[PDB]
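Next up is one chain by itself, shown in structure tokens, the form deposited in one PDB entry.
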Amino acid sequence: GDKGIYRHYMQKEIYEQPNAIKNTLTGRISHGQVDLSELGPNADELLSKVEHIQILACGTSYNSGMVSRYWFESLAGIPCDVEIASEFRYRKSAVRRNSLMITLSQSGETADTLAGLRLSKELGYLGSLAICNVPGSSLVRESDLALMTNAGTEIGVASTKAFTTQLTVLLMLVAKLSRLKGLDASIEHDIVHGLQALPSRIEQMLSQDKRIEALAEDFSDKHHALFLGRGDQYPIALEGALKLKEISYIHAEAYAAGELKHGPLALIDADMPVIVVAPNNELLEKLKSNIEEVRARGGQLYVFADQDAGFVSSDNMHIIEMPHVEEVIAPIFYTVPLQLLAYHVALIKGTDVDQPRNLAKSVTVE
């Protein structure tokens, strides 16, 4: 494909996010409501019968499914389980009643994910839905239903727009299910308004790629990093650490923010910066208290946070202020600074951003 003004496909793909998200919403928002009529005329009968959602995926696609679990449960009130596809395909699982199988895949060809879908056909699920970026791929062809992300081809080996568009489709599905369950109409309106505003917020943020370049300079010589997030931001911490592993080759590990004290705190020093993704005040107070315990070793927190929270930087706590955004789309929004941080560290180090060592665009063979 053509990179145009971008140095790398992955860079182009990060900057395409606003347009990719706009494109994923196209035709699916009708009169302020999510319109998934592309699924056909029996889609709602199937979807209304759903009492549990099972999501299978690998790599970055597992991280978007993990965010969505918080949304399906807290917003649509539907039990949701998300699992690495290789874990699912090799174990004897207990299928839940009226369970919908959802696969997430940029390529639609990942061997483990495809194996999970094929296996599920014999396990008693209500049916399957493929959320994918490649039309006519195996996962799309073999699922009962498919919702394409419409992000355009993604050439970077590491997924960027495929992830945020997966999150966009997932959030539309949460909205549609909250309505099929006859839940408060505000749930869907909040989602629609958050989604429609998203492209322009990301565009805004993409223009402030300077505080990110500076943090990148701080991380470019580090060999370890700890990414922390709570709730729907924990999977964003997962994706941020995965991105730093993928293209900068730094040993970045994500962890639930509430578990820092249960192990990882013993590792922290000046060579292992701790990144916190969008904490509320109560959480940041606990984390600051934890970082104070490792002050003697130079432990530092780097916090991406809503400017409205009023956090103030200190010598070992650096607030990277972000514009206030709608809570419903916050996980999508906070992904972007972490993609850019990895990209900038990779640029500084001169690593192969588009084809990182030992990784593949899709693992299609066992």
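Whichever C-alpha set is largest while still superposing within 1.5 Å between the two forms counts as the rigid core. Start at 1 and count along the sequence shown; that's the residue number.
- Higher mean CA temperature factor, per the PDB entry, when comparing 249-257 with 183-191: 183-191.
- For the pair 214-222 and 163-171, the record assigns the higher mean C-alpha temperature factor to 214-222.
- For the set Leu244, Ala278, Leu265, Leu177, the PDB entry assigns the largest Cα B-factor to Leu177.
- The residue among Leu338, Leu46, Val67, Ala305 whose C-alpha atom has the highest B-factor in the PDB entry is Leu46.
- In this PDB entry, the Cα temperature factor of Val365 sits in the top third of its chain's modelled residues, the highest group.
- Ranked against the other modelled residues of its chain, the C-alpha B-factor of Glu122 as given in the entry falls in the highest third.
- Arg357: CA B factor in the lowest third of modelled residues in this chain (values from the PDB entry).
- When the modelled residues of the chain are ordered by C-alpha B-factor, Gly116 sits in the middle third.
- Split the chain's modelled residues into thirds by C-alpha temperature factor. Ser61 is in the lowest one.
A second form of this protein, the form deposited in another entry, is not displayed here; the remarks below concern that form.
- The comparison between the shown form and the other one, aligned on the rigid core, picks out a single residue among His224, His193, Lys288, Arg118 whose CA moves by 2 Å or more, and that residue is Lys288.
- The rigid-core alignment places the CA of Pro279 2 Å or more apart between the shown form and the other one.
- Comparing the forms between the shown form and the other one, the C-alpha position of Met317 differs by 2 angstroms or more, with the core used for superposition.
- Put the two forms on the same core and the Cα of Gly27 is off by less than 2 Å between the shown form and the other one.
- Panel note: the distance between the CA atoms of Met322 and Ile291 is smaller in the other entry than in this form, the difference being 3 Å or more.
- By 3 Å or more, the C-alpha separation between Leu284 and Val325 shrinks in the other entry relative to the form shown here.
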